[PDB]
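# Structure assessment
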Amino acid sequence: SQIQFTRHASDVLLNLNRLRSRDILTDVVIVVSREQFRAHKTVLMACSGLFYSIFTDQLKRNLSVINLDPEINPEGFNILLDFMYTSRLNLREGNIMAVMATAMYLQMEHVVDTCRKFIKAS
Amino acid sequence: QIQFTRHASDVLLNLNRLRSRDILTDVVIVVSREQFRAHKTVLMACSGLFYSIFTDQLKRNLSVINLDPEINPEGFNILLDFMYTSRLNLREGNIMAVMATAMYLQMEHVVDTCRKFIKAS
Ligand SMILES: C[C@H]1CN(C)CCN1c1cc(NC(=O)Cn2cc(-c3cc(C(N)=O)c(O)c(F)c3F)c3c(=O)n4c(nc32)CCC4)c(Cl)c(F)n1
Ligand SMILES: C[C@H]1CN(C)CCN1c1cc(NC(=O)Cn2cc(-c3cc(C(N)=O)c(O)c(F)c3F)c3c(=O)n4c(nc32)CCC4)c(Cl)c(F)n1
């Protein structure tokens, strides 16, 4: 029965994306083949089953660099990283398969479901 | 792009889980004798005071912040919970402390809602 601020979560996420864009308090670089992406571990863990598992693993929790499977499409990864920080998923016919396979790997179940629905819709 | 209307609230819920588990928290906020662990990114995202503090290169890496000792720790507790939940627990017995703490933390819409609460009582 508390007072709900309906825009608060999206305002927080916008500000987290602002911090990312300025490289403020980022603490990890994700490597996907030749491409690198700086991020906040906390956001990655809050958005992805794989990243939650990685950053709670004793072996990997203190690492500043995480190498993902180099078979992952870096554009597919970047689409999902942007989604994590914006709530907007840029699905197109040209990227649906790579995004869907990357979302499986990252363990982002509602993304995968939406990719399946995108296939149904086209 | 396709909008996921529940995503931001789900992210915030998971950040609150991390806070409760003390996972990747990087600062303790001291309010009188009371200690609150948090993530500086969330604090910067939710508070003009913490944004201004941690944006400074010479203060970015601080692991302890001592707030003004006149701040009511329950007022801070309410506002920290709000930062991580979007829910504000306002009561007649805490309104003045929450309002003054939100002024100090530079949380403008909380202050506005406290003014509305005063207008309604
Ligand atoms: C390990 C659990 C369970 N334990 C028993 C207790 C503690 N747990 C826990 C977990 C977490 N992190 C997560 O849950 C990370 N995460 C985030 C999501 C997720 C997806 C989407 C999307 N659109 O796909 C989304 O919009 C969104 F907003 C999301 F959040 C997700 C997921 O879809 N899947 C998975 N993990 C996801 C795995 C399966 C699919 C954190 Cl931070 C925390 F503190 N505790
Ligand atoms: C300066 C901006 C705009 N520029 C154009 C680009 C850079 N910007 C920026 C800002 C930030 N951080 C902040 O804005 C910190 N912050 C957060 C809030 C805030 C309050 C509430 C509430 N209910 O009260 C809320 O629900 C909510 F969701 C909030 F977010 C807030 C505020 O109310 N006030 C102040 N600061 C607040 C000062 C005055 C009042 C971060 Cl992290 C970042 F990376 N960039």
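Structure determination for the deposited model, as stated in its record, used X-ray crystallography, and the stated resolution is 1.30 Å.

## Here we look at the interface of chain A and chain B
In this assembly, 36 residues from chain A lie in contact with 36 residues from chain B. Among the secondary structure elements, those contributing two or more residues to the side of chain A that touches chain B are β1 (3-4), α1 (8-21), α2 (41-47), α4 (74-86), β5 (88-89) and α6 (109-121) of chain A. A total of eight residues in the side of chain A that touches chain B trace back to one element, the largest contributor, which is α1 of chain A. The residue inventory of the side of chain A that touches chain B, partitioned by class, reads 20 nonpolar, 13 polar and three charged. Pairing geometry for β1 of chain A and strand β5 (residues 87-88) of chain B, over two bridges, is antiparallel. The residue of β5 of chain B that forms the bridge with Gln-4 of chain A is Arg-87 of chain B.

## Re the pairing of strand β3 (residues 35-39) of chain A
Residue and element names in this part refer to chain A. Relative to β3, strand β2 (residues 28-32) runs antiparallel, the two being bridged by five bridges. Paired with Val-28 across the bridge in β3 is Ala-39. Hairpin connection from β2 to β3: two residues lie between these consecutive antiparallel strands, with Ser-33 at a positive phi of about 55 degrees.

Conventions we followed
- Residues numbered from 1 in each chain as written, not as in the entry; some residues may be left out.
- Chains lettered and ligands numbered in written order.
- Heavy atoms only, no water.
- Residues with missing side-chain atoms left out of burial classes, pairs and counts.
- Contact = heavy atoms within 4.5 Å.
- Helix = DSSP H or I, 4+ residues; strand = E, 2+ residues; numbered from the N terminus.
- Nonpolar A, V, L, I, M, F, W, Y, C, P; charged D, E, K, R; others polar.
- Pairing = 2+ DSSP bridges.

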